[PDB]
Amino acid sequence: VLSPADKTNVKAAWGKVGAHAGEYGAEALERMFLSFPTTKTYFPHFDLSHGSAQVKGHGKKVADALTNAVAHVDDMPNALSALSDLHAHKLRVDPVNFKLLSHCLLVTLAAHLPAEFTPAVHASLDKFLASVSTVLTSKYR
Amino acid sequence: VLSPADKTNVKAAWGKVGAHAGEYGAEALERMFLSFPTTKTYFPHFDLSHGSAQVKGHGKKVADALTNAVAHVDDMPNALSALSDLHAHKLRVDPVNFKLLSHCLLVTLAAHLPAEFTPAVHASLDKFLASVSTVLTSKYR
Amino acid sequence: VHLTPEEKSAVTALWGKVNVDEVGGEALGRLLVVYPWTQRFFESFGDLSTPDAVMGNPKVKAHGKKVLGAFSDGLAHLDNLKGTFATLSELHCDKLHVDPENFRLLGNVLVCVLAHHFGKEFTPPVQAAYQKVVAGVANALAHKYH
Amino acid sequence: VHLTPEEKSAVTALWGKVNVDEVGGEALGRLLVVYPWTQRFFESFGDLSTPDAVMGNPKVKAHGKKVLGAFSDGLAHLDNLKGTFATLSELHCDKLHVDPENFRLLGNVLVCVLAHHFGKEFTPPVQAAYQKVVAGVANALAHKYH
Ligand code: HEM
Ligand code: HEM
Ligand code: HEM
Ligand code: HEM
């Protein structure tokens, strides 16, 4: 749902992310891959090694995908509509795998924003990403 | 989301349920309680024994709650809006617990409708109940 | 897998009836149909586009059959499920890389199939009896994940 | 809990710094705040209405402290986590009746807290190192559920 209180947090916690947005998007990934190995099976064509420009590039891609979502929160389903098909249909990503990346997306934010990642804002994002992951596995329900 | 193909199944699989609706609602519960014990902690005031009229009564209640949802599918969030608060706020039901009851709701349908519970309709309902459980744990996201 | 002796008779008496042939594929198929992302491990099985194609697919009935062999197996080795499934574990884990959450789903569809075929005989106590088994099996396979 | 010796040094060196006092409650609190349904087990702790009330609550910092004792404990007994947590298991299981899914969440918030306090030192390899531990602990407690 996202109370106007959450979307403000999200919107305030993300602005602080700024241009680092794409870097954090690549850091989250690396985290997911090292932490939850079973996710590497989706990225065979990727060189999941530490400096991997591919992982760097998709990190930017994932970053922008969320930005699109923040700046269009009061209507995520229409915005990420596309991505849903792409992940739900073509790629067939196990829904679980979204809960993991969502975890590593916060583990990355928290290790970068020590002043904003308060318990309240921590929950806002968890909610945000939960909705983002709902939308993407929507073409499943 | 629910493709018009799903809502037809759901709508067709449920009509067959008819007046037994409330009985199946009470059977599902019994199934959840015996199968997943950790759910009995929500119902202390209930006499979760086999013939329990309370479990019978709430079985009717849960039944009608879904019916309300079938006959108002293209708008579940507004319909069950109330129930969301009641479960998400007052009762604070662990979201997991919805995946379980949803399971026992199908284990009950399948043991009652051997002609309609086809793989296709099986998926429709799974989707339906997934949306029903999303809505209720919406006041969480 | 504790299993009171009365839960044993429930699981025992019911299983021995199961069409160990058809039931296997009936489960695996519905898994691919109701939980689409699973299909990502059986592209090699052929057309899995419609449900009708998944339930008619010879590769599916041939695999589900095996999958049920693993159950019947573990069902007569509750005392030690990890060892029984030690190999399969490693396979599904550090080889296929299947998320353990999926071993609960499969077990859960199996329980739906069993409800579909025995309708009213599959009482609530007999369900919770199998529900223990499904988790039991579901965990032995997720072992190698430590 | 296998843990290569290099993942050991990662987990080792980091932990010894942890404010074993504050960190405990920092986790448990955020659990109650970000996953509201958890709160259903600490009504007895007092006002848990706003986040500010949960993070100021003396009952919470006193419990999280203990909870971290269990970690530090298991963290120096990986070799055998089930035994270490045998008691706690039974308690959380056939007594409190807490869904094992919640033991993964708590472990997951803990990993967020640890990321919050060590920011950049908490590198991706050190996270996956703790991620093993959290599952390891998370499973030993869900044992009694068989
Ligand atoms: C937080 C949710 C997610 C978002 C925001 C996200 C976003 C995207 C975006 C933007 C693209 C690239 C689209 C393009 O430029 O064509 C994409 C591709 C892809 N995503 Fe994700 N993704 C998410 C989660 C995941 C997860 C859970 C996995 C799997 C573990 C994953 C696997 C893939 C794969 C394999 C591709 C195609 C990669 C390629 O061929 O370059 N994504 N995703
Ligand atoms: C399929 C989703 C569910 C639906 C359709 C459903 C529906 C309802 C309805 C209709 C009521 C009664 C409202 C009233 O007459 O005041 C209710 C009450 C309640 N529900 Fe559910 N419920 C669902 C899942 C659950 C789950 C997962 C649990 C817990 C395991 C649960 C626990 C409760 C409790 C404790 C009450 C209050 C009981 C009482 O005091 O009589 N429900 N629910
Ligand atoms: C109760 C759980 C399960 C049981 C008992 C089971 C059992 C088995 C058995 C008996 C084999 C084949 C060994 C052989 O051919 O000699 C196997 C292989 C395999 N399993 Fe499972 N399985 C389970 C869950 C799953 C799930 C949930 C998936 C993943 C979505 C899966 C994917 C595979 C795959 C793809 C192979 C194929 C091997 C081939 O290409 O021939 N299994 N499983
Ligand atoms: C890594 C996981 C966890 C650890 C290490 C942990 C550890 C502990 C310890 C050390 C105790 C108290 C024993 C004593 O006072 O002597 C305890 C008690 C308890 N735990 Fe946990 N716990 C974990 C997860 C959870 C979760 C997720 C919940 C449920 C939402 C929870 C709810 C409780 C409750 C309510 C008690 C309170 C006992 C009292 O009233 O004093 N714990 N736990």
# chains A, B, ... in the order shown; residues from 1 in each chain; ligands from 1
call {"tool": "residues_near_ligand", "arguments": {"ligand": "ligand 3", "cutoff": "8 Å", "atoms": "only C-alpha atoms and all ligand atoms", "output": "count of residues only"}}
result
30
call {"tool": "select_by_dssp", "arguments": {"residues": "chain B", "states": "helix (DSSP H, G or I)", "output": "compact mmCIF listing (two decimals) with C-alpha atoms, in the first residue's frame"}}
result
# COMPACT_ATOMS: atom_id res chain seq x y z
CA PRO B 4 -9.85 -12.97 -17.35
CA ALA B 5 -9.12 -16.69 -17.74
CA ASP B 6 -8.43 -17.08 -14.02
CA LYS B 7 -11.38 -15.12 -12.74
CA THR B 8 -13.60 -17.34 -14.89
CA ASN B 9 -12.09 -20.48 -13.45
CA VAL B 10 -12.33 -19.14 -9.91
CA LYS B 11 -15.90 -18.03 -10.63
CA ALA B 12 -16.70 -21.41 -12.15
CA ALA B 13 -14.91 -23.51 -9.53
CA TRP B 14 -16.59 -21.59 -6.73
CA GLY B 15 -20.13 -21.77 -8.01
CA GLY B 18 -22.31 -23.75 -3.58
CA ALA B 19 -23.91 -24.00 -0.13
CA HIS B 20 -21.03 -26.28 0.92
CA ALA B 21 -18.99 -23.08 0.87
CA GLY B 22 -19.30 -22.61 4.62
CA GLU B 23 -18.55 -26.26 5.37
CA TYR B 24 -15.38 -26.18 3.34
CA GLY B 25 -14.41 -23.01 5.12
CA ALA B 26 -14.56 -24.92 8.38
CA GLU B 27 -12.76 -27.94 6.95
CA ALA B 28 -9.86 -25.85 5.70
CA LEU B 29 -9.35 -24.42 9.15
CA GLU B 30 -9.33 -27.79 10.85
CA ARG B 31 -6.73 -28.81 8.29
CA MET B 32 -4.52 -25.81 8.99
CA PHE B 33 -4.72 -26.32 12.72
CA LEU B 34 -3.85 -30.02 12.62
CA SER B 35 -1.21 -29.63 9.95
CA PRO B 37 0.15 -26.26 14.87
CA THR B 38 1.95 -22.94 15.25
CA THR B 39 -1.28 -21.34 13.92
CA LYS B 40 -3.35 -22.41 16.94
CA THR B 41 -1.73 -19.60 18.97
CA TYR B 42 -4.11 -17.11 17.31
CA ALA B 53 -19.03 -25.04 16.62
CA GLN B 54 -16.72 -22.06 16.91
CA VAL B 55 -14.47 -23.47 14.20
CA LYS B 56 -17.67 -24.28 12.34
CA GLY B 57 -18.86 -20.67 12.66
CA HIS B 58 -15.59 -19.00 11.68
CA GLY B 59 -15.46 -21.47 8.83
CA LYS B 60 -18.66 -19.87 7.55
CA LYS B 61 -17.18 -16.45 8.18
CA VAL B 62 -14.03 -17.19 6.25
CA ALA B 63 -16.10 -18.77 3.49
CA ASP B 64 -18.27 -15.65 3.01
CA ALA B 65 -15.13 -13.45 3.08
CA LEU B 66 -13.80 -15.19 -0.03
CA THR B 67 -17.22 -15.23 -1.72
CA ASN B 68 -17.26 -11.47 -1.19
CA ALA B 69 -13.88 -11.53 -2.95
CA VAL B 70 -14.98 -13.67 -5.89
CA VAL B 73 -12.58 -9.65 -7.86
CA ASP B 74 -11.92 -6.75 -10.24
CA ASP B 75 -11.60 -4.77 -6.98
CA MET B 76 -10.50 -6.89 -4.02
CA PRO B 77 -8.52 -4.14 -2.24
CA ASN B 78 -11.64 -1.97 -1.66
CA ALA B 79 -13.83 -4.93 -0.61
CA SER B 81 -10.15 -3.21 2.91
CA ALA B 82 -11.75 -3.73 6.34
CA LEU B 83 -10.42 -7.26 6.88
CA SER B 84 -6.94 -5.94 6.11
CA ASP B 85 -6.92 -3.63 9.10
CA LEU B 86 -8.52 -6.36 11.28
CA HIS B 87 -5.80 -8.89 10.41
CA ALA B 88 -2.88 -6.58 9.67
CA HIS B 89 -3.48 -4.14 12.51
CA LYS B 90 -5.50 -5.55 15.37
CA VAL B 96 3.38 -16.58 6.39
CA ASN B 97 0.23 -17.91 8.04
CA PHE B 98 -1.75 -16.87 4.95
CA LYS B 99 0.25 -19.15 2.65
CA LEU B 100 -0.63 -22.08 4.88
CA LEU B 101 -4.39 -21.51 5.10
CA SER B 102 -4.33 -20.93 1.36
CA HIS B 103 -2.81 -24.39 1.01
CA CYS B 104 -5.44 -26.07 3.19
CA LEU B 105 -8.15 -24.18 1.28
CA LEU B 106 -7.07 -25.99 -1.91
CA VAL B 107 -6.44 -29.31 -0.19
CA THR B 108 -10.08 -28.99 0.87
CA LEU B 109 -11.37 -27.99 -2.56
CA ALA B 110 -9.46 -30.77 -4.29
CA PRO B 119 -4.29 -28.19 -13.21
CA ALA B 120 -5.48 -25.02 -14.93
CA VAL B 121 -8.20 -24.27 -12.40
CA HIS B 122 -5.77 -25.37 -9.70
CA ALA B 123 -3.48 -22.52 -10.74
CA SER B 124 -6.31 -20.00 -11.04
CA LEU B 125 -7.32 -20.51 -7.42
CA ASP B 126 -3.73 -20.51 -6.23
CA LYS B 127 -3.48 -17.12 -7.93
CA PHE B 128 -6.84 -15.99 -6.53
CA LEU B 129 -5.95 -16.90 -2.95
CA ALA B 130 -2.52 -15.35 -3.45
CA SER B 131 -4.20 -12.05 -4.29
CA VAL B 132 -6.61 -12.49 -1.38
CA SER B 133 -3.63 -12.99 0.94
CA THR B 134 -1.81 -10.06 -0.64
CA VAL B 135 -4.72 -7.71 0.05
CA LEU B 136 -4.98 -8.80 3.70
CA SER B 138 -1.43 -5.13 2.32
CA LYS B 139 -1.75 -3.00 5.43
CA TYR B 140 1.81 -4.25 5.99
call {"tool": "closest_residue", "arguments": {"among": "C:132, C:116, C:30, C:65", "to": "chain D", "atoms": "only C-alpha atoms"}}
result
C:132
call {"tool": "residues_around", "arguments": {"residues": "residue D:72", "least_positions_apart": "6", "cutoff": "12 Å", "atoms": "only C-alpha atoms", "output": "PDB file with C-alpha atoms, in the first residue's frame"}}
result
ATOM      1  CA  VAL D  11      33.218 -13.345  10.815  1.00  0.00           C
ATOM      2  CA  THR D  12      35.715 -13.475  13.707  1.00  0.00           C
ATOM      3  CA  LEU D  14      34.172  -8.296  12.737  1.00  0.00           C
ATOM      4  CA  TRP D  15      32.227  -9.745  15.652  1.00  0.00           C
ATOM      5  CA  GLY D  16      34.833  -8.997  18.314  1.00  0.00           C
ATOM      6  CA  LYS D  17      34.147  -5.324  17.673  1.00  0.00           C
ATOM      7  CA  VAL D  18      30.354  -5.453  17.861  1.00  0.00           C
ATOM      8  CA  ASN D  19      28.880  -3.448  20.718  1.00  0.00           C
ATOM      9  CA  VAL D  20      27.458  -6.687  22.151  1.00  0.00           C
ATOM     10  CA  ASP D  21      25.338  -4.385  24.335  1.00  0.00           C
ATOM     11  CA  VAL D  23      23.558  -4.127  18.813  1.00  0.00           C
ATOM     12  CA  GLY D  24      21.361  -6.796  20.388  1.00  0.00           C
ATOM     13  CA  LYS D  65      21.078  -8.398  24.560  1.00  0.00           C
ATOM     14  CA  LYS D  66      20.252 -11.962  25.518  1.00  0.00           C
ATOM     15  CA  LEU D  78      29.300 -23.726  14.584  1.00  0.00           C
ATOM     16  CA  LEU D  81      24.553 -25.645  16.300  1.00  0.00           C
ATOM     17  CA  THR D  84      23.765 -25.579  21.265  1.00  0.00           C
ATOM     18  CA  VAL D 133      25.793 -18.184  10.028  1.00  0.00           C
ATOM     19  CA  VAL D 134      22.338 -16.633  10.150  1.00  0.00           C
ATOM     20  CA  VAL D 137      21.449 -20.480  13.540  1.00  0.00           C
TER      21      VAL D 137
END
call {"tool": "interface_residues", "arguments": {"of": "chain D", "to": "chain C", "cutoff": "7 Å", "atoms": "only C-alpha atoms", "output": "PyMOL selection string"}}
result
chain D and resi 1-2+136+146
call {"tool": "closest_residue", "arguments": {"among": "B:137, B:3, B:52, B:118", "to": "ligand 2", "atoms": "only C-alpha atoms and all ligand atoms"}}
result
B:137
call {"tool": "interface_residues", "arguments": {"of": "chain D", "to": "chain A", "cutoff": "12 Å", "atoms": "only C-alpha atoms", "output": "PyMOL selection string"}}
result
chain D and resi 7+25-36+50-56+104-105+107-135
call {"tool": "closest_residue", "arguments": {"among": "B:17, B:43, B:1, B:71", "to": "ligand 2", "atoms": "only C-alpha atoms and all ligand atoms"}}
result
B:43
call {"tool": "atom_distance", "arguments": {"atom1": "atom 33 (C, counted along the ligand's line) of ligand 2", "atom2": "atom CA of residue D:90"}}
result
25.1 Å
call {"tool": "atom_distance", "arguments": {"atom1": "atom CA of residue B:91", "atom2": "atom 4 (C, counted along the ligand's line) of ligand 2"}}
result
12.2 Å
call {"tool": "closest_residue", "arguments": {"among": "C:9, C:61, C:45, C:140", "to": "residue C:80", "atoms": "only C-alpha atoms"}}
result
C:140
